[PDB]
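The data below hold one chain only, encoded as structure tokens and taken in the form deposited in one PDB entry.
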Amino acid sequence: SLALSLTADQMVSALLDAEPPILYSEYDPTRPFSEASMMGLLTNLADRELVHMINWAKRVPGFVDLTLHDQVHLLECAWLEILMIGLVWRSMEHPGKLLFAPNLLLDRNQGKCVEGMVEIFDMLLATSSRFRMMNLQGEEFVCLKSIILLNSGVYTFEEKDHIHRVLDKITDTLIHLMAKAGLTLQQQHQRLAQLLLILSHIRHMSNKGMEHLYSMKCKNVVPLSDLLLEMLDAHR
């Protein structure tokens, strides 16, 4: 594979270069929210973000070296995790608010417009405060997001040996960035540990957000795009 020959700085450049753009919502600020209006906006935004995510995944070093179904399995298992860590990253400079889209900035009170949404909101806001407290760097963020893609579904399958090698390469890249920033050896593995334990929580928010979507689908509050239903059926 070509991803193993990459250097740490070259790994960083490829990840930053593949970053998906920040999309806008269909929001109209003369429409105070109902429940179906907010859920429709959130699902419409997620649908358009998934399209950019798929083309982002193919630009993650080592991801194309996987078979087609293995690429499908990883994205099916990690898509909501990847959306959420991107949302948390966007909201870093907005304490107490979730930046879904530049024209869609919601706080904790807006979440009550949907049954059970405020519980997910507070978890998302807690992750944003943690990134802000740790002063997470963009180079670290794109490494964490790549780790989610390769790790979330790897134990749910030679292809794993390749994935574990690429994962080790991202770890070397994370340590490489922390060494550049002047962190000592003890600070490096401590910060490395602090970053990776976030993934346990992002995984937890994804499972909770996955069941919330399945209920809103079953209760039929808002219809869903076929692609979003396929990603959602993959978790049931």
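Residue numbers here begin at 1 and follow the sequence given. So that the term is clear: the rigid core is the largest set of C-alpha atoms that superpose within 1.5 Å between two forms.
The same protein also exists as the form deposited in another entry; that form is not shown, yet it is the one meant from here on.
Following superposition on the rigid core between the shown form and the other one, the residue from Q186, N55, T30, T67 with a C-alpha displacement of 2 angstroms or more is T30, and no other. Once the cores line up, the CA of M216 ends up 2 angstroms or more apart between the shown form and the other one. Whereas the shown form places them at one spacing, the Cα atoms of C218 and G116 lie at least 3 Å closer in the other form. In contrast to the form presented, in the other form the C-alpha positions of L150 and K217 spread farther apart by 3 Å or more.
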